[PDB]
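S.K.: Have a look at this one before I ask anything.
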Amino acid sequence: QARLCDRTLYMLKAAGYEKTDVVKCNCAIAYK
Amino acid sequence: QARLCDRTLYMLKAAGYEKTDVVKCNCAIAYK
Amino acid sequence: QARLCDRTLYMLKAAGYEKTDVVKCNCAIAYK
Numbered sequence: 019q020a021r022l023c024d025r026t027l028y060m061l062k063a064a065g066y067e068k069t070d071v072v073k074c075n076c120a121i122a123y124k
Numbered sequence: 019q020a021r022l023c024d025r026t027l028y060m061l062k063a064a065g066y067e068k069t070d071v072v073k074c075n076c120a121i122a123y124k
Numbered sequence: 019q020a021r022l023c024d025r026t027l028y060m061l062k063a064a065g066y067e068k069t070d071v072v073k074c075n076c120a121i122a123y124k
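Just so you know, the sequences run in chain order D, D' and D''. A prime marks a further copy of an entry chain.
Numbering (the deposited numbering) for the first sequence: 19 to 28, 60 to 76, 120 to 124.
Numbering (the deposited numbering) for the second sequence: 19 to 28, 60 to 76, 120 to 124.
Numbering (the deposited numbering) for the third sequence: 19 to 28, 60 to 76, 120 to 124.
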């Protein structure tokens, strides 16, 4: 599914993130 | 357009970067 | 070929990594 490396996440709330933390969506990567 | 997360940028000079700072180009990501 | 930016690598053993360090494979990015 998803993978959190340091501050960057390669589900959002599952790892403590929210879509105000996503930084890119391929048509994701979240960061905080 | 572009998005700078810590040291990594997901325009270059707009955010203080130059192409000697890009690290990948999908056919970008800059880092310093 | 490959490019190591801080903790993130955009060959594995060439830069001191192993596939237990890869975090994404586009069909790579390693991290430690």
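C-beta atoms are modelled at their ideal positions from N, C-alpha and C, and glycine is treated no differently.
Write down the C-beta distance between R21 (chain D') and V72 (chain D) rounded to the nearest angstrom, noting that I regard them as a contact closer than 8 Å.
M.R.: 5 Å
S.K.: If you run the structure through DSSP and keep just helix, strand and coil, what is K68 (chain D)?
M.R.: coil
S.K.: State the CB to CB distance for the pair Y28 (chain D') and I121 (chain D'), rounded to an integer number of angstroms; the pair is presumed to be in contact (CB under 8 Å).
M.R.: 6 Å
S.K.: Check the DSSP bridge columns for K73 (chain D') and list the partner residues they point to.
M.R.: In the DSSP output, where bridge partners are listed per residue, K73 (chain D') has D':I121.
S.K.: Under 8 Å, Cβ to Cβ, is there at least one residue of chain D' near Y123 (chain D)?
M.R.: So, interface residue.
S.K.: Against chain D, with Cβ distances strictly below 8 Å, would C23 (chain D') count as a contact?
M.R.: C23 (chain D') has a beta carbon lying within less than 8 Å of a beta carbon in chain D.
S.K.: Would you please verify whether the beta carbon of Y28 (chain D) is less than 8 Å from any beta carbon of chain D''?
M.R.: yes
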